[PDB]
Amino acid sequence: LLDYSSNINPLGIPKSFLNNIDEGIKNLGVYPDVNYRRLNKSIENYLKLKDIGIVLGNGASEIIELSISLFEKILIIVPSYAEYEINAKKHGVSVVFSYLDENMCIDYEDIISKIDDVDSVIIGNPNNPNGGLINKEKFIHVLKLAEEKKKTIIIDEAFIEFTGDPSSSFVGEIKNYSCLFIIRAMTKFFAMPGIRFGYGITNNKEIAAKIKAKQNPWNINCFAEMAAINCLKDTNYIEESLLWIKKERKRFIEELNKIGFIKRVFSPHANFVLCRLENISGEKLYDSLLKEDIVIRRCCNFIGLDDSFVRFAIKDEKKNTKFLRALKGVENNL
């Protein structure tokens, strides 16, 4: 069973987690620091930033919900990860949409023209399902207005790892703008979803105090803590991984471009790719591949996308070639 609806790193669990499993087991017997100082220091060192708000979460999930729980109205850029709007409704937040254009490009001028209508914005960098990165130059006009208007902008960067360019994250913008709230995660890029760990990054110390005020002390289990402390320094897990998607992502997309029902491949910047189809529905394609124990992501339930859009994960070359050779059998049988 190849799951191409799952976007976890194929290069597996960091070798540095095994190596410090003793640390993890030892601390089983006691409550972690209620302030998590050693954890926070690792992240600070990971991001090369001090004197920032840091919020710890049982997964990035907790932070997405909680940061959105703070406002009474949000602009959601869409298509996007279902959880933005789910949580909004979950907390009675008013929702205003901004749609990516036909090319899956942000309508920056629309975000602008709506930013007095809302209390906040949440936008993916890169965005699931289309893998789009926020153009720094164009968005700076948004940042400069948000800052001015005491508006809050929440940027989900759980995938940002898969780019490698530190200049792709807005983390290096944290000091210049305390409207920025960034969400990171160790769940996708570090291959560890079962550990349940994501984080918040902001110069807005008061907004971190407000999120902490909502949470529960010791919400972070000891292994999660052990991972965040030992795995973010793991530069050689991080480089072997970049080595992967840089090449593989580039090839995968060339192979997809050859497939006949693949009408258009949208250019990704993480470990997934959004394809527009032709002469076949995502359900028909889905139900075909399922037959072969291959799962894809039908983009039916994304706002703005229909059954011609489907999302594929980008894994290692071996699984990917297998994947494509099924896509080909479908095309053949089409």
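One rule holds for the numbers: they count along the sequence shown, beginning at 1.
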property	result
Segment of higher mean CA temperature factor, 243 to 251 or 80 to 88	243 to 251
Between the two ranges 107 to 115 and 154 to 162, the one averaging a larger CA B factor in the entry	107 to 115
Deposited CA B-factor, highest of 236, 176, 202, 219	236
Among 326, 310, 25, 11 - the residue whose C-alpha B-factor is largest in the record	11
Chain-relative CA temperature factor third for residue 257	middle
Cα B factor band for residue 296 (lowest, middle or highest third within the chain)	middle
Ranked against its chain, the third holding the CA B-factor of residue 123	middle
CA B-factor placement of residue 209, once the chain's modelled residues are sorted into thirds	lowest
Within-chain third of residue 272 by Cα B-factor, per the entry	lowest
